[PDB]
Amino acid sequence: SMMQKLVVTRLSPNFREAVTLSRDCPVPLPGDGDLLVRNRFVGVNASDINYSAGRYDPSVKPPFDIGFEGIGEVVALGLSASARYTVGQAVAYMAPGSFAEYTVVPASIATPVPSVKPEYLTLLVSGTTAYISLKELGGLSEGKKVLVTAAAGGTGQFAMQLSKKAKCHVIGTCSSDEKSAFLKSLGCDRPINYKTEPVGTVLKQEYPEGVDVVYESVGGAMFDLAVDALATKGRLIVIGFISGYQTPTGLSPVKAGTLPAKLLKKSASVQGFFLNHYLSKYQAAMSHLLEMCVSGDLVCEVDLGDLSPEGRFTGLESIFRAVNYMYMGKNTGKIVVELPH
């Protein structure tokens, strides 16, 4: 009858100062074409703080719901939705407002899943971003050199593995030796701990002809190193720039004043990617990722905070700590929060 959810009550990139936990919210009811899903796991995404800052659509004022992805059980549904779905069914979804005990989701956008496991949730946003961007914009083929930044993170783990499956030589940046050991276990050809080894020098010395593709999630100084490291006809994919999101504008400073000259001289490109412009590819990407995940052909690493200071991310209240965990760069794999029941 009543539930908890997170609500953006003031616009800010500081998630804690933007987002309030409301305790006595009515449970929303599904319409004819809708599922009501009881969330068991929810995904934490770097851009949750871009969302809370109001950067997705600056015309929209608080209050609004938050959280982009969920997995759980159908506990109620509209009559039309009941032709494809049934009460008790395990479903996952990408839609705003997953940070709630219950979320209304139109049946048309639900993804049926084998059971309610956090591994499947890693595929929804993190997996599909890596898959679709690389398939559509990567031009991957055997022997290409691929550099992945935030490689041990939520989407990075997939960009790594998909590039390896495309028979590419893959370099991955991360911030610790434990993350480097994880990258290695995924088949990474050259893991780099950027805190202990200078990435620019590694690339100049070991990849003098440059890299063919960059999956670039970090921005700032890493973006700059990436541009310099591009091969002739190289492609830098701008997936994100997380080093900037906490700032007031959300941007990360770059020394890009000579970027056009660099790109002309190399016949190289900088290509942006936004998931929501490629939704026509989503179902097929999800289907392929799910098959690999269920068959054990894809590592879907989940970080539920079990080794964080206050331990497992349980409950909506832990989302605040989970966002901090990401922004301290502590996670290995996809950060997920559990709503126990």
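Sequential numbering from 1, following the sequence displayed. Think of the rigid core as the biggest set of C-alphas that the two forms share within 1.5 Å after superposition.
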Higher C-alpha RMS shift from the shown form in 4 other deposited structures of this protein - 163-171 or 254-262, rigid core fit
254-262
Mean C-alpha B-factor higher for 221-229, or for 81-89?
81-89
For 253-261 versus 156-164, entry-based mean Cα B-factors point to 253-261
For the C-alpha B-factor as written in the entry, point me to the maximum among 288, 61, 281, 312.
61
Among 110, 132, 214, 171, which residue carries the highest C-alpha B-factor recorded in the PDB entry?
110
Quick check on the deposited entry: does the C-alpha B-factor of residue 2 sit in the lowest, middle or highest third of its chain?
highest
Chain thirds by Cα B factor, record data; residue 296 belongs to the highest
Would the CA B-factor of residue 71 place it in the lowest, middle or highest third of its chain?
lowest
Sorting the chain's CA B-factors, does residue 266 end up in the lowest, middle or highest third?
middle
Going by the CA temperature factor in the PDB record, which third of the chain does residue 196 belong to: lowest, middle or highest?
middle
